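Report on the following structure.
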Amino acid sequence: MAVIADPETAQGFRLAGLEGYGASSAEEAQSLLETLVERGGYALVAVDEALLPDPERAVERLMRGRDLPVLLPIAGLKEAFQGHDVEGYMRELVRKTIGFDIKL
Amino acid sequence: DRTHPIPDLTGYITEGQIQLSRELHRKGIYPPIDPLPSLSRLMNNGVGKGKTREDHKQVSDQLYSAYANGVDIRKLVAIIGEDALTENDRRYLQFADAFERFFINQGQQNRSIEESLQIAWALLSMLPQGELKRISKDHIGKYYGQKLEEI
Amino acid sequence: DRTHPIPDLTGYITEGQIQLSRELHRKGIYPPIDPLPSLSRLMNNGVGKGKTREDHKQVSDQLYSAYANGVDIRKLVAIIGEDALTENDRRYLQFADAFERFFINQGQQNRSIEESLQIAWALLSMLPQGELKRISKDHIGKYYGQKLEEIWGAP
Amino acid sequence: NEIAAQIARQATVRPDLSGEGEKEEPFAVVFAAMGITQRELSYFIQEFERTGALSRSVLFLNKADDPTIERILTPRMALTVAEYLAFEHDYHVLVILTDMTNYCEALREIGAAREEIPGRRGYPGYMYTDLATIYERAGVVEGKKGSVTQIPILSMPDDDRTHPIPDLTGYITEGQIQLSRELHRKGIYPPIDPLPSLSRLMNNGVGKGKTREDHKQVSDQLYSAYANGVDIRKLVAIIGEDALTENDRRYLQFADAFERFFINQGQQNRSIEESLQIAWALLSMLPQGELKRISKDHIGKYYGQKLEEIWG
Amino acid sequence: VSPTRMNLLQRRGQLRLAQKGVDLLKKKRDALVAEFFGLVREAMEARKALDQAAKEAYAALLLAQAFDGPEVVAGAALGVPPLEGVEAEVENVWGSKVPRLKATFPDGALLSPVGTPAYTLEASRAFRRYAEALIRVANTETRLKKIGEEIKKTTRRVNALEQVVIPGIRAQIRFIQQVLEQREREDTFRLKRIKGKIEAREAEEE
Amino acid sequence: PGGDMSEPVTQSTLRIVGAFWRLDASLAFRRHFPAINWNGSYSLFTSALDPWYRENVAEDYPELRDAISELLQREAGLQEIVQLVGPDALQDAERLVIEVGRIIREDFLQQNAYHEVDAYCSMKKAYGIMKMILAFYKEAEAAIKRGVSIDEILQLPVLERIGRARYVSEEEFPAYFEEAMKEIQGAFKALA
Amino acid sequence: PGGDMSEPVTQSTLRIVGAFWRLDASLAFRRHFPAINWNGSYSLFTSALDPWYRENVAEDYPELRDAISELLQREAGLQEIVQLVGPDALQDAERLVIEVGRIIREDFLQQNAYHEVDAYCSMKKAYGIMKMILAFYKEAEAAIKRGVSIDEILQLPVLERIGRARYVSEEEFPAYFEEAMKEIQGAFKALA
Amino acid sequence: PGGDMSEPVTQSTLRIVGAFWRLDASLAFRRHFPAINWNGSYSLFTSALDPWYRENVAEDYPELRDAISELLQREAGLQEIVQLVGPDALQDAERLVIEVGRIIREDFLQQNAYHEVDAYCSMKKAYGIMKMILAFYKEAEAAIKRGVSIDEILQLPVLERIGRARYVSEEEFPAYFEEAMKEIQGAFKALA
C-alpha cells in the first residue's frame with residue numbers, strides 16, 4: 001500500500017512503513033501514479049486530492065483489467081487544519097455512482 | 001398510424017404531408033409539427049437564389065440531420081443516462097431541445113422567412129463549425145455565429 | 001386466452017370470474033383457484049354485519065395484498081437470496097407458502113365461513129400486527145393471535 | 001437452383017460402403033420447369049451442358065411467358081416419363097420441379113375461375129390431394145431395379161413456413177432442405193439451416209454396413225451442439241459476452257466454426273468421409289463430457305483431430 | 001414472426017413476462033438502493049474518522065519536526081523501510097467479487113522507527129493508525145462503488161425493457177392482429193360473393 | 001396447419017379426449033424426442049389409475065410422479081427469471097432446480113426409439129430412474145444448505161450413472177438401481 | 001400499402017426480377033437518400049458482371065466492394081449492441097468499425113439528387129471513394145493497435161476531405177483522390 | 001370489454017367528443033375520488049370558454065388554471081426520481097414541487113361526493129383554493145431561496161387551513177378566503 005502526497009505526509013507514511021513518494025504538480029502527480037500503478041504488488045495507491053482529484057479518472061487505462069490496486073483520494077494537508085466539506089465529497093461520489101445527484 | 005389505408009393512400013397521391021406529433025402536443029408545443037415524418041415534395045422548386053435566400057435548402061438539410069442525431073441520442077439517454085455521453089452527443093441533445101423549444105414552438109406569432117432562417121442559424125450555431133457537412137463553407141462563414149437572442 | 005370471444009363475452013355479461021391455475025394444479029393444490037386473477041363484483045353487498053361476519057371484507061383485502069406481496073418476494077428471492085431480504089419480507093414469503101398449503105389446498109373438505117375466516121386469521125397472524133394496514137384495530141384485537149396448528153395439525 | 005444443379009452434378013451412390021456390386025450407373029434427370037425465368041433456365045441449361053448431362057436428361061419447360069394453365073400438366077407429364085423410365089427400363093431417375101409455387105398459382109387460378117369455396121389464402125381445398133398426386137409418385141418397387149427421386153424446389157412467398165404451399169408440401173414429402181436468408185447474407189453457400197431441415201428416411205440409409213457406424217450419433221450431437229450455440233447467441237444479447245461461462249463460450253465458438261466450416265463449403269464435392277472428419281473436428285472443440293449422444297467407443301476412435309489439420 | 005394465432009399468443013406471453021420482469025428488476029433495484037444509502041452513511045463516518053486521524057498524525061509529525069530539527073526527523077522517517085501488510089482477499093457482494101483489505105500490518109515489521117528524535121516514535125504510531133483508517137475507508141468505498149455499478153446495470157436493464165423490448169412486442173402483436181383480421185374479412189367476402197352467385201343461379205335456372 | 005394448435009380440428013379434439021400429447025417444434029428441431037411439450041400436455045386418467053400403480057409398480061409411485069411434476073413446474077417458473085437475467089444470476093438453491101429439471105428432461109423424459117434397449121421402458125425402470133433423480137435432488141439440496149457450491153455438485157460421477165440408466169437392459173436394471181442408490185449416498189457423503 | 005413487403009404484388013414481382021432495391025421509410029425520415037436498405041436489398045447480377053468491372057474499373061474492384069459490404073454487415077451487427085449498451089462499452093476495434101460505417105453511410109452511400117455535382121457518379125469515382133475509405137480504415141486499425149486513441153483518430157482533418165469527396169467534379173476527382181490518399185498516409189504517419 | 005382504447009367504438013367516440021375524462025381504477029385503489037386521471041384526460045373547450053371565465057369568475061382565472069396544470073406536469077416528471085429514492089432524498093426545490101402536488105391532489109382535486117358541503121364546488125371556490133395554493137407555492141419558493149428548510153415549511157398551520165378550504169360553505173368561503181390569504185403572507189414573512 002502506497003501514498004503519493006505532499007512530502008511532509010509522505011515521509012510520515014514512510015515512517016509508518018508504507019511505501020510513499022512526494023508530489024509537486026498535477027502532471028508530476030499523474031506521472032508518479034502511473035509509474036506506481038504500472039508495477040505490481042501494490043494493492044492500495046493513495047493520492048492527494050490537491051494534485052490529482054480522481055485517481056481512477058487518471059489511471060483507468062491501466063488497471064481496468066488488473067483492478068487489484070485500489071485508488072483512494074487522500075485529504076490535502078493544507079485543508080487539514082481548516083476543514084474540508086466531507087459532505088461535498090460524498091455528494092460528488094453519489095452523483096458519480098447513481099447519476100441522480102440528489103440528497104439532503 | 002400512417003400504415004392505415006387513408007393516410008397511406010393519401011401519401012402516395014399528395015405532394016408531401018405535415019404530420020402532427022402527440023408528444024410535442026403533450027409537452028405544450030404549438031404548432032406540434034414533427035419535421036421527421038413530414039415532407040414537401042415541391043420544396044426544391046420554390047427555394048433558393050431568387051426564390052427566398054440561397055442558403056435555404058442546405059440549412060433545411062442540416063437541421064434535419066442535426067435533429068435526427070439529437071433524437072437518436074435522446075433515445076440512447078433514456079437507456080444509459082446523461083453522464084455517459086460525449087461532448088458531441090451533449091451538444092446534439094441541447095440542439096434538439098432548443099429546436100423544439102424555439103423553432104417548433106412559436107405560438108400564434110407570424111414569422112418572416114428571414115426570421116425563421118435567423119433562428120435556424122442561431123440553433124445551428126450551437127454546434128461545431130465543422131459538423132455542418134450539408135452547408136457549403138461560404139454560407140457557414142456568412143451566417144454562423146449568432147446567439148439565441150431573437151426578439 | 002382471456003380475449004377469445006367466449007370468455008370475453010361471458011365476462012362482458014357476467015359479474016366476475018373465478019380462475020383456475022395450472023401452476024397450482026401441477027403443484028398438487030386442489031382446488032386450484034388463483035385468488036389474484038379472480039374477482040366477484042357483487043361481493044361487497046353480500047358481506048358484512050348480518051351476513052357472514054363484520055370482518056369479512058377487510059380480511060379478504062388483507063389476504064389479497066399479503067398473497068400478492070408474497071408471490072413478488074418469492075420471485076425476488078431467486079435472485080437476491082433470503083439473507084438479503086428484510087424480516088417482514090421473509091414473513092410474507094412464509095405467509096405465501098402457508099396460504100397455498102392451507103387456504104387454497106383444502107381437498108374434499110367442506111368449510112363453513114367461520115372455519116375459513118379462522119384459517120384466514122391464523123394465516124394473518126404470521127405477519128406482524130402493524131403490517132395489517134387494511135384491517136381496523138377492533139377486528140385485529142378481537143381475532144389476531146390464533147395458532148396455525150388448528151389447521152396445520154389436520155390439513 | 002444452384003443447390004439443385006450441384007446435387008444433380010455430384011449425386012452418386014457408394015456401393016463400396018454398402019457392399020453392393022461395383023457399378024457406376026449415373027442418374028437420369030427429368031427437369032420439369034414451371035414459370036421459369038430466362039435467367040434460371042439459362043443457368044440450368046448451361047450447367048447441364050457443362051457437366052455433359054443432357055444426353056441422359058429429358059426437359060419439360062414451361063417458361064414465365066407461357067400460359068399458366070399448362071402448368072397443371074407439366075409435373076404430371078414429367079413424372080409419367082420418370083416412372084416409365086424407372087419401372088420399365090431399370091433407370092435411376094432424379095426429378096427436379098423448379099417452382100411448385102407457380103403450379104399452385106395456376107391451381108388457384110383454375111379454382112377461382114370455377115367459383116369454388118377456397119381454403120387458406122384462396123387456394124383450393126383439394127390442393128393437398130393434388131400435390132400428393134404429384135409428390136407421391138416417387139419411390140422404389142419390389143422386384144425392380146429402378147428408382148424415382150424427387151427434389152422439388154418451392155419458394156416460400158415471404159420466407160413464411162406457415163404458408164399453405166410449404167405446409168402441405170412438408171406434410172406430404174419426406175423432409176425438406178430449408179435455406180436461410182441470414183446465412184445467405186453472411187456469405188455461406190449452400191445456406192442450409194440444419195435446425196428446420198429434416199430427412200425422414202435418413203435412418204434407412206445410414207449406419208453400420210451402409211455409410212459408417214457413427215453417422216446417426218454424430219448427426220444428433222451436431223444438432224444438439226448447434227441448438228445450444230444458438231440459445232447462447234440469444235442469451236448474450238441479454239447478458240453480454242463478458243458474463244458467459246467457459247462452456248457457453250465454447251458452444252458459441254462451436255456455432256461460429258460450424259457455420260463457417262461445415263455449412264460453408266462452396267462448390268466443392270465432399271465425400272461422406274471428409275464430411276464426418278470435419279464434423280468430428282468441430283465436435284472436438286467441446287469437452288469430451290459434453291458429447292452425451294455419442295457412445296464412448298466412437299469418441300475414443302474418432303475424437304481428437306484438430307480442425308486446423310484440415311484448414312490452416 | 002409468421003402471422004399465426006399461436007404466434008400471437010406467444011407474443012402476448014412474452015409481453016406479460018417482460019412486464020413482470022420489469023417489476024422484479026424494480027424491486028431488486030429498491031433493495032440495492034436501500035443498501036447503497038446505508039453504505040453512504042457508513043462511508044461518511046469512515047471519512048470523518050480518517051479526517052480526525054489525519055489531523056492527529058499530522059499534528060504529531062509537525063511537532064516532531066518542531067521539537068527536533070526537521071532534517072533529522074525527516075532522515076529518520078525516510079530511514080524506515082517500506083513493508084507489505086495488506087492481504088487482498090475478495091468478498092462476494094451481490095454476485096460480484098470485491099476486494100477486502102484484511103491487512104495485518106504488524107508493529108514489529110518496521111525497522112528504525114525511533115532514534116535521536118524523542119517523539120518520532122509516537123508519530124509513527126499515529127501514522128500507523130492513520131493507515132488503518134485509510135484501509136477502512138478503502139473497504140467502505142470499494143463496495144459502495146460496486147453497489148452503485150449494480151444499480152446502474154439494473155436501471156439500464158429496466159429502461160431497455162420499457163423503451164425497446166415492450167414496444168416491439170406491442171408492435172408485433174398489432175401487426176399479427178391486423179393480418180389475421182384482414183384474412184378473416186377476405187374469407188367472409190368470398191363466401192358472401194359465392195353465396196350470392198349461387199342464389200342468382202337458382203333464381204335464373206332453379 | 002402451420003403448427004397452429006388453435007385450428008378447429010385440434011380444438012374439437014381437446015374437448016373430447018382424455019389425454020393430450022402435444023408435440024413441440026422447438027424440441028423436434030434439436031432432435032430431442034419424443035418432443036412432448038410438457039407444459040401443454042395433460043392427462044385426465046391419472047387419478048383413476050393410482051390403485052393399479054400402487055398394486056403393480058410401487059406403493060409410493062404416485063408420490064414420486066407428483067414430485068417430478070412439481071419439480072418440472074418449478075423449473076417452468078424459474079425459466080422466466082433465467083430468460084430475464086440469466087442462469088448465473090440465480091441462487092444455488094434455484095440453479096439446483098434448473099439443473100435437476102435438465103437432468104429429468106435429458107435422462108428420464110428422453111427416449112431413443114431406434115435403440116435396442118431404450119426403445120421400450122417398463123414401469124419398474126421408470127420408477128427406478130425417478131427414485132434415483134429424487135434421491136439425488138434431496139441430497140443435493142441438503143448439501144447446498146451445508147455450503148457446497150453447485151459447480152461441485154454437478155461434477156459428481158454419479159450423474160453419469162443416472163444418465164446411462166436409460167440404456168441398461170431390463171434384466172440388468174434391478175441390480176444397477178441398487179448400485180446407483182448406494183453410489184448416490186456415498187458420493188454425497190464424500191462431499192461432506 | 002404501409003411498406004408491407006408481404007403483399008401479393010411485391011411477392012409476385014420478387015419471384016421474377018433479378019434485383020431488389022428496397023426503400024426504407026426510416027432512412028427517408030432521417031433524410032438519407034437514395035434511402036435504400038442495404039440489408040434487405042439484393043442483386044443476382046453481381047457474379048456475372050465481375051469481368052466487366054475488372055476490365056473497365058479496376059482489377060480489384062470486386063474485392064473492394066466485398067470489403068465495404070463486410071464493414072456494413074459488421075456495423076449492422078454492432079448496432080444491436082450499441083442501441084442498448086452504449087457506444088462507450090465497445091472495444092476500440094468495434095468503435096472504429098462503427099465510425100467507419102458512419103463514414104461509409106454519409107460519404108459513400110448517401111447521394112444528393114439535386115446537387116450539381118453529386119447527382120451523378122461514375123464507377124471510377126465510386127472506386128476512388130471506396131479505396132479512400134478502406135485505406136483510412138486500415139491505417140486507423142494499425143494506429144489503434146499501435147496505442148493511438150480512437151478520439152484522436154476521429155478528429156483528423158483527412159476525414160473532412162473524405163466526407164467532401166462526393167461533391168468534387170468528375171474532371172477534378174483524380175487529383176483530389178491522389179492528394180487525399182497521400183494525406184491519408186501522412187495523417188497516420190504523424191500520429192505514429 | 002377489455003379496456004383497450006384502440007377499440008373502434010372508443011376511437012370513433014374520441015374523434016367526435018370535445019372532452020375525455022379518463023376514470024382510472026388505480027386512483028380509486030389509492031382512495032382518490034373522483035378517480036379521474038389528469039394525465040390522460042383532455043378538454044377542447046377551454047379556449048372557447050376563456051372569455052366567460054374572465055367575465056364571470058375572475059380575470060386571471062385561466063392563468064391560474066394553467067399554473068396548476070404546469071405544477072401537476074412537473075410533479076409527474078419527478079416521479080421517476082421519487083420512486084428510486086424516497087421523497088426525503090430529493091432536494092428542497094423538487095420536494096416543494098412534490099408537496100405542492102400532494103396539496104393540489106388532496107385539497108383541490110379530491111372531492112367527497114357524500115359530504116354535505118364538499119359535494120358541490122362553485123367556480124369562485126375553486127378559484128380561491130387555486131389562488132391560495134399558488135400563493136403558498138410562491139412564498140415557499142422565496143423561502144427556499146432564502147434558506148428555510150422545507151421540513152420547516154411543511155409544519156406551518158397555513159397548510160392545515162388550506163386543507164379545510166374544501167369543507168367551508170359557499171356563504172362562508174369569501175371570509176375564510178381573504179383571512180387565509182392574509183395568514184399565508186404572514187406565515188412566511190414571520191418564519192425565519
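Every chain in the C-alpha cells has a letter given in the order shown (A, B, ...), and although residue numbers restart at 1 in each chain, ligands are simply numbered from 1 in the order shown.
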Within 9 Å of chain G, which residues of chain D are there when counting only C-alpha atoms? Please give them as an MDAnalysis selection string. chainID D and resid 36:37 39 64 155 157:158 185:186 237 240
If you superpose chain F onto chain H over the full set of Cα atoms in sequence order, what number do you get for the RMSD in Å? 1.1 Å
From a DSSP calculation on the backbone, collect every residue of chain F in alpha helix (DSSP H) and output the set as a PyMOL selection string. chain F and resi 8-14+25-29+50-56+61-85+92-107+123-146+150-155+158-164+173-191
Give me the residues within 12 Å of residue 38 of chain E as a list in words, counting only C-alpha atoms and dropping any in the same chain fewer than 4 places off. residues 31, 32, 33, 34, 42, 43, 44, 45, 140, 143, 144 and 147 of chain E
Prev. selection, N, CA and C atoms, output as a JSON list (two decimals), in the first residue's frame:
[["chain", "number", "residue", "atom", "x", "y", "z"],
["E", 31, "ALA", "N", -34.11, -2.72, -3.33],
["E", 31, "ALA", "CA", -33.24, -3.32, -2.32],
["E", 31, "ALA", "C", -31.81, -2.78, -2.44],
["E", 32, "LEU", "N", -31.29, -2.74, -3.66],
["E", 32, "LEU", "CA", -29.94, -2.22, -3.87],
["E", 32, "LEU", "C", -29.82, -0.79, -3.37],
["E", 33, "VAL", "N", -30.84, 0.03, -3.61],
["E", 33, "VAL", "CA", -30.76, 1.44, -3.24],
["E", 33, "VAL", "C", -30.78, 1.59, -1.73],
["E", 34, "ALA", "N", -31.59, 0.78, -1.04],
["E", 34, "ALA", "CA", -31.57, 0.81, 0.42],
["E", 34, "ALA", "C", -30.18, 0.48, 0.95],
["E", 42, "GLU", "N", -22.24, 4.83, 6.23],
["E", 42, "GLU", "CA", -21.01, 4.21, 6.70],
["E", 42, "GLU", "C", -19.79, 4.94, 6.15],
["E", 43, "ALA", "N", -19.82, 5.30, 4.87],
["E", 43, "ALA", "CA", -18.69, 5.98, 4.25],
["E", 43, "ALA", "C", -18.48, 7.36, 4.86],
["E", 44, "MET", "N", -19.57, 8.08, 5.15],
["E", 44, "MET", "CA", -19.43, 9.37, 5.81],
["E", 44, "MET", "C", -18.71, 9.22, 7.14],
["E", 45, "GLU", "N", -19.13, 8.24, 7.95],
["E", 45, "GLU", "CA", -18.46, 8.03, 9.23],
["E", 45, "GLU", "C", -16.99, 7.69, 9.02],
["E", 140, "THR", "N", -14.84, 0.48, 2.68],
["E", 140, "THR", "CA", -16.18, 1.02, 2.51],
["E", 140, "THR", "C", -16.42, 1.49, 1.08],
["E", 143, "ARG", "N", -16.89, -1.26, -1.96],
["E", 143, "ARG", "CA", -18.19, -1.92, -2.03],
["E", 143, "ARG", "C", -19.30, -0.93, -2.32],
["E", 144, "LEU", "N", -19.17, 0.32, -1.87],
["E", 144, "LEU", "CA", -20.13, 1.34, -2.28],
["E", 144, "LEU", "C", -20.15, 1.48, -3.80],
["E", 147, "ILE", "N", -21.89, -1.49, -5.44],
["E", 147, "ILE", "CA", -23.34, -1.39, -5.35],
["E", 147, "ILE", "C", -23.87, -0.38, -6.36]]
As a VMD selection string, please: the residues near residue 112 of chain F (cut-off 12 Å, only C-alpha atoms, same-chain neighbours under 5 positions excluded). (chain D and resid 216 to 217 220 293) or (chain F and resid 31 to 35 106 to 107 117 to 121 166 to 167)
Export C-alpha atoms of the chosen residues as a compact mmCIF listing (two decimals), in the first residue's frame?
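Heads up, here's the output in selection_34.txt:
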# COMPACT_ATOMS: atom_id res chain seq x y z
CA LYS D 216 -26.52 -41.06 -36.64
CA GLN D 217 -24.86 -40.27 -33.32
CA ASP D 220 -27.59 -35.92 -33.32
CA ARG D 293 -25.37 -38.56 -27.64
CA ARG F 31 -33.65 -33.72 -32.22
CA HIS F 32 -34.98 -34.17 -28.68
CA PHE F 33 -37.53 -36.94 -28.98
CA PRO F 34 -40.35 -37.75 -28.13
CA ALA F 35 -40.56 -33.90 -28.27
CA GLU F 106 -32.33 -35.44 -20.72
CA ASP F 107 -32.04 -38.66 -18.70
CA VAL F 117 -32.81 -51.24 -25.17
CA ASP F 118 -34.17 -47.71 -24.76
CA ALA F 119 -36.95 -48.19 -27.33
CA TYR F 120 -39.08 -49.78 -24.59
CA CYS F 121 -39.25 -48.92 -20.89
CA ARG F 166 -31.84 -45.41 -19.73
CA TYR F 167 -29.57 -47.72 -21.72
What parts of chain G does DSSP call strand (DSSP E or B)? I'd like the answer as a ChimeraX atom specification. /G:19-20,23,36,42-43
As a ChimeraX atom specification, please: the residues near segment 39-44 of chain B (cut-off 12 Å, only C-alpha atoms, same-chain neighbours under 2 positions excluded). /B:11-20,33-37,46-49,51-52,54-58,60-61,64 /G:25,28-31,113-115
Using C-alpha atoms, can you write the selected residues to a file as an mmCIF file, in the first residue's frame?
data_model
loop_
_atom_site.group_PDB
_atom_site.id
_atom_site.type_symbol
_atom_site.label_atom_id
_atom_site.label_comp_id
_atom_site.auth_asym_id
_atom_site.auth_seq_id
_atom_site.Cartn_x
_atom_site.Cartn_y
_atom_site.Cartn_z
ATOM 1 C CA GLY B 11 -49.385 9.859 -49.044
ATOM 2 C CA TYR B 12 -48.959 8.264 -52.459
ATOM 3 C CA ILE B 13 -51.107 10.998 -54.060
ATOM 4 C CA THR B 14 -50.331 14.243 -52.256
ATOM 5 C CA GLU B 15 -47.065 16.157 -52.595
ATOM 6 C CA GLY B 16 -45.914 15.568 -49.046
ATOM 7 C CA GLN B 17 -47.629 15.895 -45.699
ATOM 8 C CA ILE B 18 -47.381 17.912 -42.487
ATOM 9 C CA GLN B 19 -47.623 15.375 -39.671
ATOM 10 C CA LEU B 20 -48.510 16.336 -36.109
ATOM 11 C CA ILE B 33 -45.301 19.648 -36.140
ATOM 12 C CA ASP B 34 -42.670 16.907 -36.107
ATOM 13 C CA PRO B 35 -40.270 17.503 -39.027
ATOM 14 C CA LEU B 36 -39.027 13.936 -39.405
ATOM 15 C CA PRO B 37 -42.284 12.311 -40.645
ATOM 16 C CA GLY B 46 -39.512 27.124 -54.660
ATOM 17 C CA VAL B 47 -36.448 27.831 -52.510
ATOM 18 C CA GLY B 48 -33.032 29.159 -53.468
ATOM 19 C CA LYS B 49 -31.495 32.090 -55.290
ATOM 20 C CA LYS B 51 -36.747 32.243 -54.555
ATOM 21 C CA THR B 52 -36.094 33.456 -50.980
ATOM 22 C CA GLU B 54 -29.600 30.955 -51.256
ATOM 23 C CA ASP B 55 -28.908 29.062 -48.001
ATOM 24 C CA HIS B 56 -32.454 27.762 -47.550
ATOM 25 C CA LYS B 57 -32.107 24.185 -48.790
ATOM 26 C CA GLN B 58 -28.771 23.449 -47.136
ATOM 27 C CA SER B 60 -33.046 22.718 -44.010
ATOM 28 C CA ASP B 61 -30.982 19.596 -44.692
ATOM 29 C CA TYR B 64 -32.874 17.589 -40.410
ATOM 30 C CA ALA G 25 -39.077 4.871 -44.529
ATOM 31 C CA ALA G 28 -36.099 8.754 -45.528
ATOM 32 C CA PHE G 29 -37.149 10.196 -42.171
ATOM 33 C CA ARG G 30 -33.508 10.987 -41.370
ATOM 34 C CA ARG G 31 -33.003 12.354 -44.909
ATOM 35 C CA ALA G 113 -30.072 14.024 -56.379
ATOM 36 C CA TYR G 114 -30.401 17.827 -56.519
ATOM 37 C CA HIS G 115 -26.724 18.785 -56.335
#
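Residues lying within 10 Å of residue 58 of chain E, counting only C-alpha atoms and ignoring same-chain neighbours fewer than 5 positions away, are residues 8, 9, 12, 77, 80 and 81 of chain A; 53, 63, 64, 123, 126, 127 and 130 of chain E.
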Convert the current residue selection to file output with N, CA and C atoms, as a PDB file, in the first residue's frame.
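Okay, result.pdb is ready:
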ATOM      1  N   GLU A   8       5.658  16.127   3.309  1.00  0.00           N
ATOM      2  CA  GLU A   8       5.518  16.109   4.761  1.00  0.00           C
ATOM      3  C   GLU A   8       4.712  14.898   5.220  1.00  0.00           C
ATOM      4  N   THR A   9       3.593  14.618   4.551  1.00  0.00           N
ATOM      5  CA  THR A   9       2.824  13.427   4.892  1.00  0.00           C
ATOM      6  C   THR A   9       3.430  12.169   4.285  1.00  0.00           C
ATOM      7  N   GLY A  12       6.038  10.881   6.648  1.00  0.00           N
ATOM      8  CA  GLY A  12       5.392  10.260   7.792  1.00  0.00           C
ATOM      9  C   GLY A  12       4.841   8.887   7.461  1.00  0.00           C
ATOM     10  N   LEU A  77      -3.212  18.315   2.958  1.00  0.00           N
ATOM     11  CA  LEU A  77      -2.679  18.806   4.222  1.00  0.00           C
ATOM     12  C   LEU A  77      -3.025  20.274   4.435  1.00  0.00           C
ATOM     13  N   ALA A  80      -6.106  20.402   5.898  1.00  0.00           N
ATOM     14  CA  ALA A  80      -6.211  19.531   7.061  1.00  0.00           C
ATOM     15  C   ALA A  80      -6.545  20.322   8.318  1.00  0.00           C
ATOM     16  N   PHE A  81      -5.984  21.521   8.459  1.00  0.00           N
ATOM     17  CA  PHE A  81      -6.157  22.316   9.665  1.00  0.00           C
ATOM     18  C   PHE A  81      -7.208  23.408   9.518  1.00  0.00           C
TER      19      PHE A  81
ATOM     20  N   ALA E  53      -8.083  11.193  12.270  1.00  0.00           N
ATOM     21  CA  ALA E  53      -6.796  10.516  12.383  1.00  0.00           C
ATOM     22  C   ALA E  53      -5.708  11.273  11.637  1.00  0.00           C
ATOM     23  N   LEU E  63       4.879  18.626  15.211  1.00  0.00           N
ATOM     24  CA  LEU E  63       5.555  18.789  16.488  1.00  0.00           C
ATOM     25  C   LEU E  63       6.769  17.884  16.615  1.00  0.00           C
ATOM     26  N   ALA E  64       6.846  16.812  15.826  1.00  0.00           N
ATOM     27  CA  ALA E  64       8.068  16.020  15.791  1.00  0.00           C
ATOM     28  C   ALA E  64       9.197  16.808  15.140  1.00  0.00           C
ATOM     29  N   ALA E 123       4.949   9.553  16.702  1.00  0.00           N
ATOM     30  CA  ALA E 123       4.425   9.924  15.393  1.00  0.00           C
ATOM     31  C   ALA E 123       4.164   8.697  14.535  1.00  0.00           C
ATOM     32  N   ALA E 126       0.807   7.187  15.325  1.00  0.00           N
ATOM     33  CA  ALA E 126      -0.330   7.902  14.761  1.00  0.00           C
ATOM     34  C   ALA E 126      -0.470   7.621  13.272  1.00  0.00           C
ATOM     35  N   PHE E 127       0.649   7.562  12.546  1.00  0.00           N
ATOM     36  CA  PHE E 127       0.563   7.266  11.122  1.00  0.00           C
ATOM     37  C   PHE E 127       0.147   5.824  10.867  1.00  0.00           C
ATOM     38  N   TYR E 130      -3.441   5.938  11.188  1.00  0.00           N
ATOM     39  CA  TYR E 130      -3.984   6.620  10.020  1.00  0.00           C
ATOM     40  C   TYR E 130      -4.027   5.696   8.809  1.00  0.00           C
TER      41      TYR E 130
END
Using only C-alpha atoms, I'd like every residue of chain A that has an atom within 6 Å of chain H; please write them out as a list in words.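 Putting it all together, I get residues 102, 103 and 104 of chain A.
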Just the selected residues (N, CA and C atoms), exported as a PDB file, in the first residue's frame, please.
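Result file follows (part_33.pdb):
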ATOM      1  N   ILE A 102     -28.670  13.788  -5.881  1.00  0.00           N
ATOM      2  CA  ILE A 102     -29.776  14.209  -5.030  1.00  0.00           C
ATOM      3  C   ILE A 102     -29.541  13.667  -3.628  1.00  0.00           C
ATOM      4  N   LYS A 103     -29.681  14.536  -2.630  1.00  0.00           N
ATOM      5  CA  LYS A 103     -29.516  14.162  -1.232  1.00  0.00           C
ATOM      6  C   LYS A 103     -29.812  15.379  -0.367  1.00  0.00           C
ATOM      7  N   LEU A 104     -30.117  15.119   0.900  1.00  0.00           N
ATOM      8  CA  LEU A 104     -30.142  16.167   1.918  1.00  0.00           C
ATOM      9  C   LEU A 104     -30.189  15.546   3.310  1.00  0.00           C
TER      10      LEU A 104
END
May I have the residues within 12 Å of residue 139 of chain B as an MDAnalysis selection string, using only C-alpha atoms and disregarding those fewer than 3 positions away in the same chain? chainID B and resid 53:59 121 129 132:136 142:145
